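Student: Structure in structure tokens, see below.
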Amino acid sequence: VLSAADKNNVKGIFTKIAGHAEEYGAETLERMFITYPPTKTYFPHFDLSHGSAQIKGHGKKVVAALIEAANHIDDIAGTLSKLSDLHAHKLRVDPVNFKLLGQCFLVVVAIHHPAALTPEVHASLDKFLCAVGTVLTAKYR
Amino acid sequence: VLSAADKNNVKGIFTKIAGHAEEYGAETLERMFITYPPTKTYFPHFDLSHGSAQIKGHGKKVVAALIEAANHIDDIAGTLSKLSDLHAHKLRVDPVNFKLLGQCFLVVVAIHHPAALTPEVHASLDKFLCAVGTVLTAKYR
Amino acid sequence: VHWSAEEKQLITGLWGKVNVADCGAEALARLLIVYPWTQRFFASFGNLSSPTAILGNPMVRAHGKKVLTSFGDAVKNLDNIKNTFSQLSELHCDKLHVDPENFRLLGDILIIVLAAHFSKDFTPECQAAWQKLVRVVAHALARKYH
Amino acid sequence: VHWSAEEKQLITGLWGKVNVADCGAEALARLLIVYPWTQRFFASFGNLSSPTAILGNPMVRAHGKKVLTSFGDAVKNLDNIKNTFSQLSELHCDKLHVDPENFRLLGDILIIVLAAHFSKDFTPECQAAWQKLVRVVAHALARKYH
Ligand code: HEM
Ligand code: HEM
Ligand code: HEM
Ligand code: HEM
């Protein structure tokens with residue numbers, strides 16, 4: 001599962017991002033919407049135009065949640081389960097979509113902090129992203 | 001997760017299976033090599049011809065491990081640690097391949113127990129099959 | 001994509017024998033039941049509140065049978081799927097925005113629905129014929145990207 | 001597939017400053033490390049026992065360059081990506097028996113690597129251009145099935 005060596009890696013890169021959680025959050029989301037346009041279909045009520053501020057504060061929530069799972073990285077599923085209901089049941093979000101956001105998070109991590117997405121880091125990071133994807137897709141499996 | 005209805009649905013059917021154990025394993029395997037040829041390349045050493053003594057032998061051993069974790073459907077991950085090292089580390093099986101086997105074994109049940117395989121029952125098995133794969137690919141996440 | 005003769009024979013034959021409406025309905029219900037996020041695409045089908053409800057919905061069966069009818073279309077035209085499913089292609093990709101990976105899932109489920117309604121007559125050789133069929137079909141719907 | 005002109009130019013300018021050897025070794029090292037099962041296809045390469053072994057390895061580096069180079073052939077030929085990869089596809093499907101999901105995986109990694117060497121220069125329009133390019137190459141390679 002998430003080994004000890006993963007959980008440092010993750011912890012470490014999060015320590016290094018932290019500050020920027022709102023900017024990264026929003027570039028994450030913007031890039032997902034230009035790159036994976038079917039993804040907009042779920043935010044039918046957003047101002048999806050560049051800069052918008054719903055994006056800005058949605059992308060704050062997104063990565064704050066992630067930041068959060070990082071501090072209780074020992075029990076992600078417990079920590080995040082409040083978000084499944086909503087994602088799995090309510091929004092019914094296609095699991096594909098989590099790889100997608102996840103990929104765009106890694107791209108934002110890489111443009112700003114490439115020296116830290118070392119390949120060994122990248123891997124801890126993807127394991128963690130899957131774990132999250134898995135818990136929000138939860139009460140399917 | 002695995003819902004106690006899930007843990008129930010599953011048992012229901014492994015007990016329809018039961019001592020068709022070894023026959024079902026052989027058959028799931030055969031459908032997997034004929035429907036997904038590239039899977040034979042993990043079997044360079046076996047006699048892969050319809051009927052084969054080793055395929056039977058192997059088949060039993062798969063379904064057995066399967067029936068074994070249905071007996072700890074509660075702690076599959078542990079009922080099975082021993083085999084992740086094999087698949088994940090020695091053999092390096094590509095995860096896609098677990099959905100293939102998973103699918104041939106639904107087909108088998110469906111051929112022999114259609115009655116038993118109801119949508120809901122079919123759902124629970126799927127989640128099952130899923131977990132197993134995840135565990136067997138575990139020294140990957 | 002090249003179809004051997006046996007493959008044509010094996011597909012054509014079995015097809016002959018399919019209850020379009022029952023498997024068509026069964027296929028569809030297993031989808032929505034097994035892959036619940038798929039339910040989001042069908043909310044203009046009213047009540048999908050539970051498996052039994054999904055199982056009974058006149059609109060789901062209604063649709064079941066539309067789908068599987070279309071596979072028939074495929075069967076009639078093996079050498080020529082790619083073109084036959086251009087328009088069903090726009091619908092599924094530009095209009096509805098359905099991830100292609102759920103085409104594979106459906107194919108997969110169709111396949112367990114044949115197997116349950118054919119038992120032993122669905123030989124291994126047959127299942128492969130069909131896996132390829134279902135797969136060919138879901139590349140022809142997912143053309144309209146890349 | 002249809003190439004916008006804004007898109008041709010975004011793939012074309014970026015391309016012209018890629019150090020093929022630098023991104024190659026990196027794309028490929030990351031594919032081995034991040035998705036460890038891909039190690040199997042590459043075992044002829046010698047010691048892949050640890051991450052360090054892997055970024056240590058000459059063949060890994062050397063074959064990375066080879067790959068990225070083959071991306072070049074597409075960037076040279078955006079209107080003919082279909083036939084550029086047609087011999088590469090026989091090898092990947094027939095001979096080596098790679099599951100096409102893996103090409104998706106390397107294309108995604110490729111993009112993480114281009115992100116990281118080009119920074120703000122790897123613009124949102126620009127990433128969308130590249131994601132479509134690698135999407136395409138991958139289907140180009142995956143032709144040889146379905
Ligand atoms: C790691 C993945 C994700 C995280 C950590 C995440 C986090 C959240 C959080 C914290 C909220 C709600 C904050 C609140 O309760 O207002 C939210 C809601 C939402 N999420 Fe996710 N989400 C994730 C993945 C996705 C994906 C992939 C999508 C779409 C593809 C998505 C679509 C939505 C939508 C539409 C809302 C509703 C918010 C609104 O209507 O304003 N989420 N998510
Ligand atoms: C349902 C998931 C699976 C289960 C439950 C399972 C179970 C087992 C067991 C029990 C053994 C070894 C018996 C022993 O120790 O001799 C084994 C070995 C092996 N398994 Fe699997 N397996 C699964 C999936 C797969 C898949 C998809 C493949 C690859 C296509 C695979 C490939 C192998 C190989 C190549 C061996 C070597 C056996 C030998 O050479 O004797 N497994 N599996
Ligand atoms: C898998 C291969 C598929 C085939 C052959 C297929 C076929 C069809 C056909 C023949 C129609 C009706 C055409 C019309 O009457 O205008 C249709 C409509 C539709 N299909 Fe698909 N489909 C497939 C996959 C899917 C999947 C996976 C979904 C959901 C994930 C989906 C959702 C829909 C919806 C939401 C409509 C139309 C809604 C309505 O008009 O009432 N399809 N499809
Ligand atoms: C995704 C885009 C890909 C491109 C553009 C590509 C391109 C190439 C080229 C140009 C060669 C060697 C031609 C030669 O020297 O014979 C090669 C070979 C090879 N590729 Fe790929 N390939 C791609 C993906 C992959 C993937 C996923 C794998 C598998 C994990 C892969 C595994 C191999 C192997 C094992 C060889 C033979 C290595 C050897 O020569 O010993 N390729 N590819």
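Residues in the structure tokens are numbered from 1 in each chain, the chains being A, B, ... in the order shown, and ligands are numbered from 1 in the order shown.
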Show which residues sit within 8 Å of residue A:135, as a PyMOL selection string. Count only C-alpha atoms, and ignore same-chain residues fewer than 4 positions away.
Tutor: chain A and resi 76-77+80-81+84+131
Student: Keeping only N, CA, C and O atoms, take the residues you just selected and write them out as a PDB file, in the first residue's frame.
Tutor:
```pdb
ATOM      1  N   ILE A  76      -6.037   7.742   5.034  1.00  0.00           N
ATOM      2  CA  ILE A  76      -6.722   8.498   3.993  1.00  0.00           C
ATOM      3  C   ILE A  76      -8.268   8.266   3.935  1.00  0.00           C
ATOM      4  O   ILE A  76      -9.060   9.192   3.746  1.00  0.00           O
ATOM      5  N   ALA A  77      -8.673   7.014   4.057  1.00  0.00           N
ATOM      6  CA  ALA A  77     -10.003   6.647   3.586  1.00  0.00           C
ATOM      7  C   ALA A  77     -10.949   7.260   4.513  1.00  0.00           C
ATOM      8  O   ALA A  77     -11.916   7.843   4.102  1.00  0.00           O
ATOM      9  N   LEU A  80     -11.197  11.030   4.084  1.00  0.00           N
ATOM     10  CA  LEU A  80     -11.768  11.688   2.889  1.00  0.00           C
ATOM     11  C   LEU A  80     -13.156  11.297   2.595  1.00  0.00           C
ATOM     12  O   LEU A  80     -13.801  11.891   1.762  1.00  0.00           O
ATOM     13  N   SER A  81     -13.663  10.351   3.356  1.00  0.00           N
ATOM     14  CA  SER A  81     -14.937   9.694   3.065  1.00  0.00           C
ATOM     15  C   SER A  81     -16.151  10.601   3.009  1.00  0.00           C
ATOM     16  O   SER A  81     -17.148  10.299   2.414  1.00  0.00           O
ATOM     17  N   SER A  84     -16.907  11.128  -0.723  1.00  0.00           N
ATOM     18  CA  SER A  84     -17.269  10.009  -1.590  1.00  0.00           C
ATOM     19  C   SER A  84     -18.651  10.169  -1.799  1.00  0.00           C
ATOM     20  O   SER A  84     -19.132  10.177  -2.894  1.00  0.00           O
ATOM     21  N   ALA A 131      -4.832   6.396  -4.491  1.00  0.00           N
ATOM     22  CA  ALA A 131      -5.503   6.078  -3.203  1.00  0.00           C
ATOM     23  C   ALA A 131      -6.621   7.041  -3.010  1.00  0.00           C
ATOM     24  O   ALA A 131      -7.756   6.617  -2.798  1.00  0.00           O
TER      25      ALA A 131
END
```
Student: Excluding residue B:20 and its own-chain neighbours fewer than 6 positions away, which residues fall within 10 Å of it when counting only C-alpha atoms? Please give them as an NGL selection string.
Tutor: :B and (14 or 60 or 63 or 112)
Student: Pick the closest to residue C:82 from C:10, C:55, C:141, C:39: which is it, counting only C-alpha atoms?
Tutor: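 Closest residue, counting only C-alpha atoms: C:141.
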Student: Pair the Cα atoms of chain D and chain C in order, fit the first onto the second, and let me know the RMSD in Å.
Tutor: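 Here the RMSD amounts to 0.4 Å.
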Student: Fewer than 2 positions away in the same chain doesn't count, so skip those; otherwise give me all residues within 10 Å of residue D:126, counting only C-alpha atoms, as a list in words.
Tutor: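 The filter keeps residues 31, 34 and 35 of chain A; 6, 7, 9, 10, 11, 13, 14, 115, 121, 122, 123, 124, 128, 129, 130, 131 and 132 of chain D.
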Student: Those same residues, written as a CSV table (one decimal), in the first residue's frame with N, CA and C atoms?
Tutor:
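Here's the written file out_1.csv:
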```
chain,number,residue,atom,x,y,z
A,31,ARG,N,-6.3,23.3,-16.4
A,31,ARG,CA,-5.5,22.7,-17.4
A,31,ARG,C,-6.4,21.5,-17.6
A,34,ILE,N,-9.1,22.8,-20.2
A,34,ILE,CA,-8.6,22.9,-21.5
A,34,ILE,C,-8.1,21.5,-22.2
A,35,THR,N,-7.4,20.7,-21.4
A,35,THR,CA,-7.0,19.4,-21.9
A,35,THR,C,-8.1,18.3,-21.9
D,6,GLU,N,-3.2,26.4,-35.1
D,6,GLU,CA,-2.7,26.9,-33.8
D,6,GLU,C,-2.0,25.7,-33.2
D,7,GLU,N,-2.8,24.6,-33.1
D,7,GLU,CA,-2.1,23.4,-32.7
D,7,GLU,C,-0.9,22.9,-33.4
D,9,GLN,N,1.3,24.6,-34.6
D,9,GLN,CA,2.5,25.4,-34.3
D,9,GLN,C,3.0,25.3,-32.9
D,10,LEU,N,2.1,24.9,-32.0
D,10,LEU,CA,2.4,24.6,-30.6
D,10,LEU,C,3.1,23.3,-30.4
D,11,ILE,N,2.8,22.4,-31.3
D,11,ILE,CA,3.6,21.1,-31.2
D,11,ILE,C,4.9,21.4,-31.9
D,13,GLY,N,6.9,24.3,-32.4
D,13,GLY,CA,7.9,25.1,-31.7
D,13,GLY,C,8.5,24.5,-30.4
D,14,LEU,N,7.7,24.0,-29.5
D,14,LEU,CA,8.1,23.1,-28.5
D,14,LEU,C,9.0,22.1,-29.0
D,115,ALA,N,6.6,19.0,-19.2
D,115,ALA,CA,6.2,20.0,-18.3
D,115,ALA,C,7.4,20.5,-17.6
D,121,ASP,N,6.6,27.9,-20.1
D,121,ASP,CA,6.5,27.7,-21.4
D,121,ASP,C,5.6,26.6,-22.0
D,122,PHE,N,5.2,25.6,-21.2
D,122,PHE,CA,4.4,24.4,-21.5
D,122,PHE,C,3.1,24.9,-21.0
D,123,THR,N,2.5,25.8,-21.8
D,123,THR,CA,1.2,26.4,-21.6
D,123,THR,C,-0.1,25.5,-21.6
D,124,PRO,N,-1.1,25.9,-20.9
D,124,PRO,CA,-2.3,25.1,-21.1
D,124,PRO,C,-2.8,24.8,-22.6
D,128,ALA,N,-2.6,20.9,-24.1
D,128,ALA,CA,-3.7,20.2,-24.7
D,128,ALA,C,-3.3,19.8,-26.1
D,129,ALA,N,-2.2,20.4,-26.7
D,129,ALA,CA,-1.9,20.1,-28.0
D,129,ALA,C,-1.1,18.7,-28.0
D,130,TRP,N,-0.2,18.7,-27.0
D,130,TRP,CA,0.6,17.5,-26.7
D,130,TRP,C,-0.2,16.3,-26.2
D,131,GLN,N,-1.2,16.5,-25.4
D,131,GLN,CA,-1.9,15.4,-25.0
D,131,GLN,C,-2.6,14.8,-26.2
D,132,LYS,N,-3.0,15.6,-27.1
D,132,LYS,CA,-3.6,15.0,-28.2
D,132,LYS,C,-2.6,14.4,-29.1
```
